[PDB]
Amino acid sequence: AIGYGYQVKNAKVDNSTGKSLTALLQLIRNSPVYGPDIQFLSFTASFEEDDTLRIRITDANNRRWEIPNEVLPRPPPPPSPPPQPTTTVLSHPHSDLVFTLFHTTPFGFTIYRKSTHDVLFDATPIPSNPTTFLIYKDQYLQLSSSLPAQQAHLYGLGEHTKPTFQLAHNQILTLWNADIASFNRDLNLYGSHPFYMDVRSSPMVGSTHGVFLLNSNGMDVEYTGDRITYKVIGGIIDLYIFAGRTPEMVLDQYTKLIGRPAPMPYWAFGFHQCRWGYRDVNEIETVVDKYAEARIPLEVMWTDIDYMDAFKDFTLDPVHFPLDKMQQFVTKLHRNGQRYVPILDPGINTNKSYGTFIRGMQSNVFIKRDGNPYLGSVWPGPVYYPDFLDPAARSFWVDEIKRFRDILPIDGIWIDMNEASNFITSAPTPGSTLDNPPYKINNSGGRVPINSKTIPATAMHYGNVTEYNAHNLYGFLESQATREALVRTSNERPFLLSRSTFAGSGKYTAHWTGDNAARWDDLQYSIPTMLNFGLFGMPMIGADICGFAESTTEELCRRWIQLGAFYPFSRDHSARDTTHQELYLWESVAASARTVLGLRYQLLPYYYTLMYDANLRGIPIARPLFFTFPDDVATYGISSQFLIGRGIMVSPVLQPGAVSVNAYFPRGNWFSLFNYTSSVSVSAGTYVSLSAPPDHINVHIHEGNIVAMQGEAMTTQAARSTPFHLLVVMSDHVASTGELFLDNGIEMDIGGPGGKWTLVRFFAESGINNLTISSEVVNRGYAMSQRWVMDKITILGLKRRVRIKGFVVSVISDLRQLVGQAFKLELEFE
Ligand SMILES: C[C@H]1O[C@H](O[C@H]2[C@H](O)[C@@H](O)[C@@H](O[C@H]3[C@H](O)[C@@H](O)[C@@H](O[C@H]4[C@H](O)[C@@H](O)[C@@H](O[C@H]5[C@H](O)[C@@H](O)[C@@H](O)O[C@@H]5CO)O[C@@H]4CO)O[C@@H]3CO)O[C@@H]2CO)[C@H](O)[C@@H](O)[C@@H]1N[C@H]1C=C(CO)[C@@H](O)[C@H](O)[C@H]1O
Ligand SMILES: *[C@@H]1O[C@H](CO)[C@@H](O[C@@H]2O[C@H](CO)[C@@H](O)[C@H](O)[C@H]2NC(C)=O)[C@H](O[C@@H]2O[C@@H](C)[C@@H](O)[C@@H](O)[C@@H]2O)[C@H]1NC(C)=O
Ligand SMILES: *[C@@H]1O[C@H](CO)[C@@H](O)[C@H](O)[C@H]1NC(C)=O
Ligand SMILES: *[C@@H]1O[C@H](CO)[C@@H](O)[C@H](O)[C@H]1NC(C)=O
């Protein structure tokens with residue numbers, strides 16, 4: 001059949017130092033299928049941290065493609081080996097993870113938990129079944145693990161649109177960056193994230209680990225419920241297991257490896273407006289004016305490829321978007337506390353009188369094939385693609401951005417079309433097994449050739465690196481270069497949004513779900529996708545509100561702003577061939593927008609703190625219910641509700657004509673953020689049928705949490721000048737806590753040694769006859785200098801009212817306290 005697998009020829013754990021395991025594997029027998037077997041494998045197992053195990057399988061006899069350390073820096077590998085059945089075990093005393101090598105024919109290995117003896121990853125073959133073997137051919141790597149089908153709940157392996165967050169059994173997930181619209185279910189999309197989270201329902205419910213394959217090649221991942229199998233068309237096996245044991249711990253461990261989420265400027269949490277098709281500077285000015293007139297907050301105005309001179313980067317349409325008017329426009333935005341973001345594509349038009357093209361040629365920055373620059377097709381027509389693996393191309397990129405920024409101020413950059421997208425598929429190179437690989441991955445759901453509508457696999461990058469190997473890194477690399485350009489041309493914290501991504505992209509950029517559609521399905525689809533990118537270490541995520549493609553309806557757009565006002569990244573965007581969909585256009589949507597964006601803006605200090613938490617520990621802003629409630633198995637399959645931070649839950653209507661929603665509530669007390677008198681109390685988690693009128697969305701806060709809020713305003717800058725209102729939700733079972741991070745909104749290194757920041761922790765507890773609310777402050781200086789005052793505290797979750805020396809609501813007014821000054825407030829019961 002497909003292969004015969006490997007035997008352990010030798011294996012040993014180095015002793016008398018930090019243990020690592022080294023083994024040599026030998027091919028049992030050759031097979032012709034999918035090409036030549038690699039005869040000898042080097043096999044290592046090593047602990048990068050007590051909570052992280054690394055399994056690396058390479059050709060013992062040849063260097064193979066690996067993601068460069070410069071692209072994704074990480075600890076180097078453990079030495080390689082020398083030139084009942086037997087086993088070799090690797091364990092560390094402070095590690096919960098135990099690795100075992102089985103000297104069977106073919107060989108196997110497992111990783112199990114010390115605490116429960118539960119097997120997390122099991123690559124023991126079924127001897128009669130080659131689909132369960134490790135197979136290792138030049139263009140076909142096969143790695144398989146069994147799974148306890150009912151107990152293992154898996155999440156991730158992006159990027160794909162799915163109706164559920166938890167991965168359905170019996171499917172194939174393809175990772176191959178492609179310009180494919182996210183309104184398409186199942187298909188491989190713009191990004192590739194070969195990570196999954198595995199939550200176990202038994203034996204120790206809520207027990208979670210992570211599994212990451214550090215490989216940039218195209219792959220199919222087959223998940224059948226009782227097994228998962230990687231089928232990878234190149235590179236090596238570089239497998240990381242993250243011990244958890246909680247969901248939050250897994251993401252901490254994973255992002256520690258791939259990079260902590262980049263911080264975001266405060267303004268990026270404001271509302272964004274964009275459209276493909278804005279005709280001229282007058283129109284975008286008019287949109288901004290109409291937002292103000294509708295009294296709907298607008299933070300950032302975007303321009304799509306319309307602004308460019310005939311779709312060429314680093315230029316302005318001299319007729320529709322003349323430089324002087326654009327300068328005035330951006331100046332006006334800035335005077336009003338607003339910001340501006342333009343789009344960029346990677347392809348450089350081949351026009352001989354275009355400065356960017358001339359300079360690019362001079363520094364030889366473009367991707368080549370057969371010794372000449374590769375000629376693609378995108379919006380301006382013929383293009384060459386910068387090789388972002390080439391240091392000279394990055395410098396070129398920085399320089400073009402500098403030049404443009406010197407003439408027209410910008411606040412951030414949107415990088416699109418960077419898979420790379422190509423509108424003409426090139427002919428395959430005769431005889432090449434790269435353009436015509438032996439195993440066809442399921443590209444676009446049709447086994448479509450990998451070179452379809454992109455750069456051909458035989459194209460070459462700096463260092464003689466093939467497109468075959470580097471493809472999934474293109475977007476990732478451009479993001480690094482663009483961020484580099486921004487940091488070098490402004491001392492403000494940068495902001496960028498990227499379409500194409502790879503594992504680690506979150507260290508450089510925000511992301512959006514791409515080309516969704518104005519359909520009720522896509523409204524719901526935004527939630528699983530939002531949650532996934534949190535797992536992928538990209539917490540700054542959202543979808544085009546009201547839908548990118550196809551014309552929206554009043555009701556759909558109304559329900560969408562309700563949901564979308566809570567996306568970490570909240571933007572209205574649409575294609576040019578559809579109806580306009582600014583939020584002021586319908587009264588019922590505008591009224592809904594004011595209500596929900598009003599709450600969002602009050603929650604800005606909360607979002608910003610969560611962003612801080614994400615950069616620190618990798619924990620997502622928008623997170624699944626089982627992150628807070630991992631012991632409640634009912635939450636594992638929830639796909640239509642989500643948390644913002646630890647204790648706020650959003651429960652949107654996602655169907656037309658509905659005025660109610662059946663929403664799951666985990667155990668305990670929940671209070672509407674829109675009406676503190678409105679609450680939900682259960683002794684055991686269950687579904688509750690919430691009232692949900694056309695203009696309302698259910699948003700609830702759980703007992704045990706404290707959230708610092710500021711006032712509503714038209715801009716994020718204005719909001720920060722409002723008083724703080726503290727929301728304290730008490731629990732009979734636990735003291736309540738909360739956190740607030742404060743800085744200047746633009747410090748390059750968030751929470752760094754520079755000291756331009758303050759951290760406040762809040763604490764509240766009831767006694768039999770008193771109630772204490774207090775704070776602790778780290779680095780009091782910055783916050784004090786900003787004059788932030790807390791004037792009111794609202795207390796939920798008690799059945800008795802409290803004051804200074806069913807549920808009730810208590811309010812403490814005219815407090816005038818300074819946020820920067822630690823306090824202790826004593827209240828008494830009535
Ligand atoms: C504005 C955006 O324009 C482009 O994207 C467009 C396409 O150009 C357009 O044709 C269309 O494409 C859709 C199809 O309509 C839809 O049917 C689906 O195609 C599927 C197909 O259904 C499915 O069967 C499968 O086809 C296989 C088949 O399985 C197999 O057996 C065999 O037959 O082969 C076929 C074909 O390979 O897969 C198809 C997908 O490949 O989905 C496609 C979308 O992929 O709509 C899209 C989306 O609008 C550009 O590509 C986009 O990049 C562009 N959007 C960007 C541009 C901007 C402007 O600057 C910016 O505003 C946007 O934000 C940005 O995203
Ligand atoms: C090279 O870039 C030039 C600058 O943008 C292009 O010329 C401009 O084309 C606009 C329409 O695309 C037109 O409104 C502008 O007036 C014009 N500006 C100037 C200074 O010529 C040029 O476009 C080519 O030449 C024009 C005359 C048309 O024939 C276009 O169809 C051509 O593409 C660009 N040339 C190429 C080869 O890309
Ligand atoms: C707040 O909720 C309570 C209970 O659900 C309800 O009786 C009251 O009318 C609501 N108030 C407003 C202003 O909606
Ligand atoms: C609450 O506790 C404080 C300190 O323990 C005490 O001084 C005070 O008398 C108490 N209040 C009441 C109403 O008993």
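For ligands, and for the atoms within them, numbers begin at 1 and follow the listed sequence. These values consider heavy atoms only, across backbone and side chains, with no hydrogens, waters or symmetry-generated copies. Numbers here are sequence positions counted from 1.
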S.K.: Kindly state whether the ring of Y278 and the ring of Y307 have centres lying under 6.0 angstrom apart.
M.R.: no
S.K.: I'd like to check whether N769 has a polar contact with ligand 4, where a contact means an N/O of the residue lying under 3.5 Å from an N/O of the ligand.
M.R.: no
S.K.: Would you say the ring centroid of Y584 lies under 6.0 angstrom from that of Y291?
M.R.: yes
S.K.: Does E828 form a side chain to side chain contact (heavy atoms under 4.5 Å, CB included) with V802? I'd like the steps, not just the answer.
M.R.: CA-CA 5 Å; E828 67 185 5; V802 292; over 6 Å; no
S.K.: Can you tell me how far apart CD1 (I343) and CH2 (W379) are? Round to the nearest 0.5 Å.
M.R.: 9.0 Å
S.K.: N351 heavy atoms, cut-off 4.0 Å: which ligand 2 atoms fall inside?
M.R.: 1 (C), 2 (O), 3 (C), 22 (C), 34 (C), 35 (N), 36 (C), 38 (O)
S.K.: Output yes when a protein non-hydrogen atom is found under 4.0 Å of atom 35 (N) of ligand 2, and no otherwise.
M.R.: yes
S.K.: How would you list, by chain and number, the residues with a heavy atom under 4.0 angstrom from ligand 3?
M.R.: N675, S678
S.K.: For ligand 4, which atoms sit closer than 4.0 Å to a heavy atom of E828?
M.R.: 13 (C)
S.K.: In the structure I gave you, are the side-chain heavy atoms of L599 and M709 within less than 4.5 Å of one another anywhere?
M.R.: yes
S.K.: Any protein heavy atom under 4.0 Å from atom 27 (C) of ligand 2?
M.R.: no
S.K.: Does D179 pair with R499 as a salt bridge, N-O distance under 4.0 Å?
M.R.: yes
S.K.: Any cation-pi pair here, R600 with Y607, using under 6.0 Å and within 45°?
M.R.: yes
S.K.: Hey, is atom 18 (N) of ligand 2 under 4.0 Å from any protein heavy atom?
M.R.: no
S.K.: Would you mind running through ligand 4 and noting each atom that sits below 4.0 Å from a heavy atom of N770?
M.R.: 1 (C), 2 (O), 3 (C), 8 (C), 10 (C), 11 (N), 12 (C)
S.K.: Does NZ or CZ of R800 fall inside the cone over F829's six-membered ring, less than 6.0 Å from its centre and within 45° of the axis?
M.R.: yes
S.K.: Starting from the C-alpha separation in whole Å, work towards a yes-or-no answer on side chain to side chain contact (heavy atoms under 4.5 Å, CB included) for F404 and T356.
M.R.: CA-CA 10 Å; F404 186 79; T356 297; over 6 Å; no
S.K.: I'd like to know if atom 3 (C) of ligand 2 has any protein heavy atom within a distance of less than 4.0 Å.
M.R.: yes
S.K.: At under 4.0 Å between heavy atoms, which part of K312 makes contact with ligand 2: side chain, backbone, both or neither?
M.R.: side chain
S.K.: Taking everything shown except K368 itself, do over 12 heavy atoms lie less than 6.0 Å from its NZ?
M.R.: yes
S.K.: Do me a favour and list the nearest non-hydrogen protein atom to atom 11 (C) of ligand 2 with residue, atom name and distance?
M.R.: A310 CB, 5.0 Å
S.K.: Does the protein place any heavy atom closer than 4.0 Å to atom 22 (C) of ligand 2?
M.R.: yes
S.K.: Can a salt bridge be assigned to the pair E400 and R394 using a cut-off of 4.0 Å between side-chain N and carboxylate O?
M.R.: no
